[PDB]
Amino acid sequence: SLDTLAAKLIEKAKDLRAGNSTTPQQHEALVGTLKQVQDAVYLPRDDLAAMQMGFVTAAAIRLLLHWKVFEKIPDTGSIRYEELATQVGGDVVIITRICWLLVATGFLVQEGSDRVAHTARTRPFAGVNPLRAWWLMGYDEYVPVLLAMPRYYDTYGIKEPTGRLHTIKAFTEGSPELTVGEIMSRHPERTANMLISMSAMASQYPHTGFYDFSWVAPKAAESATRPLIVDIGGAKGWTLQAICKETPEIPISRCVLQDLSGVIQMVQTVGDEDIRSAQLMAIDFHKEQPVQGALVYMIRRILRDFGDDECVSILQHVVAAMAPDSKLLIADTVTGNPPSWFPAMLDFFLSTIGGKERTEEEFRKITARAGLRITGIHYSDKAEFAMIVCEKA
């Protein structure tokens, strides 16, 4: 209500005078209560106007980034508009009008009528960092594709995009006959910025803590030879390291990391003690799975990137290598019907590259098509992220 929102502002205001640090959960509770009050108070005209304002605040921020203006505003204190325009080489009038939009939305602050200053909301834009990179990637790489969607579906029909080719991203870029990865290989700077961002937001999903891997330990003791955990597309090998430190009875010596040759070379050179002690193979999981009869094959946050047929083909390669008692673990979102907002928004983005978040029923369909049977689903506490346990059917 309006009253509980005021109560949380009073608590915040108090904790700030006392120098106590707000907690993350406290911050979300306050943002949540605000959104509930706005939902209750805003009329449709208010929602639509706020949506339009979001467009121009984003465009203002994009233009000031392009002009390198956030770098020139000091961390603290104020800079004169005239001084800012001189350092940019631009007309003070248009630079002032753009800042005025951000002043009226509380992104910037004016200290007189001629000086402007940062807030906590704009300091991330004043230098290189993962959040700025993520912001720019989503704006430059995603918003144009969002605008092209009606045109895209006019062209291909109102159909779920499921291929790796003729994606909406590639269609927007003008090369529908290339994959997104081939497009990005033609674009070093955009790929560089994407690494910084794609790496940061991976750490928002948990690797362990909601699924017990320790049942692998008995087999590690009955047999000296059987490979234990094969991580398919596991990147730097951090998942395997965590699993084996959570359960030291699982020798990382007997686990396998599979990725692309360029990523396996980085694991060997500047990788740490134990990941380097594990078998590292450069593979293409679209076409092959060399390790035969391992106890566990793991596919974490990968199937979301592909359509059903591509997932079934990936799964069928793994099933061909599985022994009768092998498990195939899929770590991914099992979205609800209907889905919560974060997975719903990820699913929307994924439609630009041919992927999707899948419901439980959709996961049963693709696993059944691969000759698998889901025996369990173990949920994390984070946005329906689960461990899906499968066996040969």
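Sequential numbering from 1, following the sequence displayed.
Student: Take the C-alpha B-factors listed in the entry for 81 to 89 and for 270 to 278, compute each mean, and give the stretch with the larger one.
Tutor: According to the PDB entry, the answer is 270 to 278.
Student: Could you check the entry and say whether 21 to 29 or 369 to 377 has the higher mean CA B-factor?
Tutor: Higher mean C-alpha B-factor: 21 to 29.
Student: Between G293, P124, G237, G307, which one tops the list for C-alpha B-factor in the PDB entry?
Tutor: That would be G237, according to the entry.
Student: Could you check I95, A200, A320, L165 and tell me which one carries the biggest Cα B-factor in the deposited entry?
Tutor: So the option with the highest C-alpha B-factor is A200.
Student: By its CA B factor, does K159 count among the lowest, middle or highest third of the modelled residues in the chain?
Tutor: Lowest third - that is where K159 ends up once the chain's C-alpha B-factors are sorted.
Student: Per the entry's values, where does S261 land by CA temperature factor relative to the rest of its chain, in the lowest, middle or highest third?
Tutor: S261: CA B-factor falls in the highest third of its chain.
Student: Is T225 in the lowest, middle or highest third of its chain when residues are ranked by C-alpha B-factor?
Tutor: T225: CA B-factor falls in the highest third of its chain.
Student: Taking the entry's C-alpha B-factors for this chain, is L131 in the lowest, middle or highest third?
Tutor: Answer is highest: the recorded C-alpha B-factor places it there.
Student: For the chain shown, is the CA B-factor of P188 in the lowest, middle or highest third of its modelled residues?
Tutor: For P188, whose C-alpha B-factor we compare with every modelled residue in the chain, the answer is the highest third.
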